[PDB]
Every structure is written in C-alpha cells, then in structure tokens.
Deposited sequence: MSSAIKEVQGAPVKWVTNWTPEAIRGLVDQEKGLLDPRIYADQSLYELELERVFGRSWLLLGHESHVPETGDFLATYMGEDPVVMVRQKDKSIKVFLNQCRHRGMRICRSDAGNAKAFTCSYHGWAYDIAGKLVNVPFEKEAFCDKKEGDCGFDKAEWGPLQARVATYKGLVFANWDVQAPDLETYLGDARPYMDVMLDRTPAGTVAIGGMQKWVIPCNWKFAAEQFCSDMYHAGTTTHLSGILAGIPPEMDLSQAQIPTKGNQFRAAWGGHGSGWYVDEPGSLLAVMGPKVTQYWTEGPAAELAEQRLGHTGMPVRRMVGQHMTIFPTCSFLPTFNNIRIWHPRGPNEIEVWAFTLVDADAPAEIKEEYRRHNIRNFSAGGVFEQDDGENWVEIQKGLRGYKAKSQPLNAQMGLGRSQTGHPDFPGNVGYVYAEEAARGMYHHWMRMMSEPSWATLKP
C-alpha cells in the first residue's frame, strides 16, 4: 500500500536522487505489474519470428505468458497463454507452427486467433464460447518489431514512442527491404531488478567508458597489444525522450570503438559504401549524421532495450524485485550480404551472449547490487543520479530532442521520472503525452 505522495518522493529528477527501495520493495513490484507492465507497450519479438500463417512464439508480458501468432490475413494476434476454464497453459512449446491450439487439461480447443471454437460435452453440460476465449492484447508493429499492450485506454505505439523514433530508425530504417531476425533467442536468468538493466541501456555509456568492460575491450583487440593501445572514447551524445522515459546514447566520430566490438567488416558496412550511403539518404530527414554514430545504446521504457550499432536487442522479463530473465536476439538488414550477416551473428555471440565477453561483466555488477539491497542501511540513503544535471537542451544542429553529453544521467532521470509518473497517476487522462 503506497499513497501517490509517497511514490513521488522516491524519484527526484530535480536534485538527481533515487530512493534505492524501488529496486527491492515487494509491494512496489506488485504495483509495477499493474501500473507499469499492465499498460505499457512491451516487445515480444520480430515479424520474422512468425513469418507463416500459424507460426507462433511463446513469450511474456511481465509475469504473464503470451502467444504471438501470425494469422491468415498476415496480422499478428497476441493473447494470454492461459485457458479461462482452469488456467492451464494453452501453448506448451517455445515456438513452431499450429493449425489450432488445444488445452491439455480438459480439451478446450482454440483456433490460431485465440478464439474458443470447441468445448467437449458442451451440448451435454452447458454459456457463450465467444466470451470465454483468452484475454486479447493490442498488437502494434514498428518497422519489424512487435509490441503489445493490454490497456485499451493506453496511447498508440507511435504516440507512445514519440521523439524516440528517429533513434530507433538508425537500427531499423536502413533499407527499404527492412530488417530480418537471425534465428534463435537466448534465455538466461540474472538475480537483479529490471530497472538496473533497463536504465543501463537507456542512459549508461559511463560504464563502458570506465571500468566495466576493460576485459571485453581486451578480448576485441589484436593479440600483440593491450589496453594501453586502447583509447577512451570521449566524444558523443545522449538523448532524453520528450515523453515516456525512453533514452539513447552514442559515440560520435569514434570508429575505433565499433572495430573493437564488431570487427572490421561490420565497421566498414556501418560507415562506408552503398549500404551506409543509402542509410544516410533514408535517415537524412532526421538531420542526424548516422554514419558517425557508433556504440549506440537505447531503452524503450519499460523493458525493451537494444544496441542499434551492434544490431543486438533484448527484452527484460521481471521475476520479482530481485530477479529477471533476459531474452536476447539479433537483427540484420534483410538484403545485407551473407558475410555481413555472419559477422553480426558471430560477434553478438562473442559479446552479448550469456557467456559474452561484454555481457558477463554487465550482469556481474547487477548481481552484487541486488544482494547489497537486502540490507537496512544499504537502502537508507538515496543513490546519486546527479550526472549532467541541467546540461541538456533541445537546441542541437545534429540530433533531435532533449540532447546532452554521452556521459550523463538525463535519460536515466527521465526514465525513473516516467516510472514514478506511471506508478503514482492512476488515469491515462493525466499520463498521456
């Protein structure tokens, strides 16, 4: 039980202060499921995960299991993976193709739209089947990516994303042919709070430019040289979304950092030649120098996170205040050469897998933070979100929106402020952009 007044006093974006109880409180988590996950747009995957009629993927919206399924009319429907009879999981495999869905408990049959079509012994024991199908969700697509929302009142995907879209287009709108997803999706379990992981991809380049990824960079450079040949990137920018708590960060004029992570063949694909020149033409309407933007990180609040330069993308599944699941996958340009696709695949595995040289260290920090927060004193004083306070502005030649320096917590402050807003305001009448 939390009064709106007490919620608002957990995030101070003016002073740059965070109450560490937001990562650990059980009661606050139960509210997050209702007030954040129960009405935000959540990423479920890519249009190419379900390319044929009847193709499906079993995923999650918060702690609610759901079913992505392509229909006959080429649309994607998302419904709760729960039978209304007695709660049994309708779809029991991770992915595949279905001609229908049947409940294993009492045999309630559903078509691929989630509509209840057959109930055993209905004539004999029964009630309207049209009212007892699983709960449906609003489905919306942004340039390949599939999002879902339960709330009928919630803003449409476009309005929800707002001025964060140009920054998503850096990864997605590079070809008229669109992006495709590389097969396979990595699932692992980290015992930390989702806000740590979502904030890092939203606002934390600071960790990659300091100590966290010293060994990761060491893994990416030639055998004969060490970190004393590795220069620190200090040029770049950060973006805070006008509304929604989305955020992005990137390096400018720093091709060396892309090379260390993604190798020479990706670097050249991203920065030179026809595909990079085509991307620059297509993305020109935003004014951004896309060819000079590297090491980009982004979070679409709440739990949709990606690294546009690396084509890495992930969903964070909440599992209590002290646990998440990470579901990661990778994209490529549909028409990109086979060798470029392969390099994006290889390096994503090397870097951002559960055992990736970068990822290992990210998760290592989060584990020890969550453990600390078990203590009384560890939650007694506020955390410092004071980085880059009052230094951002909307007047920038190259980058649209509220833009500041690459090492800053403006997007972080925006993320938590929006989190606070969604948690303290019950109606979309006050919350809407």
No C-alpha positions exist for deposited residues 1-17, 144-152
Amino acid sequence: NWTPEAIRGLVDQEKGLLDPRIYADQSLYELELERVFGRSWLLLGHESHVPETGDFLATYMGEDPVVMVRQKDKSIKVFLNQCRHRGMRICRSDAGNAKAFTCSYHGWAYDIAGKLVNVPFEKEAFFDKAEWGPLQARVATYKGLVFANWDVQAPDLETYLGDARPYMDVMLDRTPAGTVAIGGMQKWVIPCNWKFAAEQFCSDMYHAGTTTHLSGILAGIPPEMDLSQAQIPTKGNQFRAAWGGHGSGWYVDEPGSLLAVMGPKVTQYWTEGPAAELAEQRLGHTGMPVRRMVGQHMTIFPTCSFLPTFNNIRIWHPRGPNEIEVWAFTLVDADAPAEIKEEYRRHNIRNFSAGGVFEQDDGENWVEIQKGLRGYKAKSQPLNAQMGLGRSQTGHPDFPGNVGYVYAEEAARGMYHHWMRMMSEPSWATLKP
From here on, numbers count along this sequence of modelled residues.
Higher of the two mean Cα B-factors (153-161, 235-243; per PDB record) comes from 153-161
Avg C-alpha B-factor, entry values, 225-233 vs 333-341, higher side is 333-341
In terms of its chain's C-alpha B-factors, the third that includes residue 258 is the middle
In terms of its chain's C-alpha B-factors, the third that includes residue 130 is the middle
Chain thirds by Cα B factor, record data; residue 385 belongs to the highest
Residue 41: CA B-factor among chain residues, third -> lowest
The third of the chain into which the C-alpha temperature factor of residue 358 falls is the highest
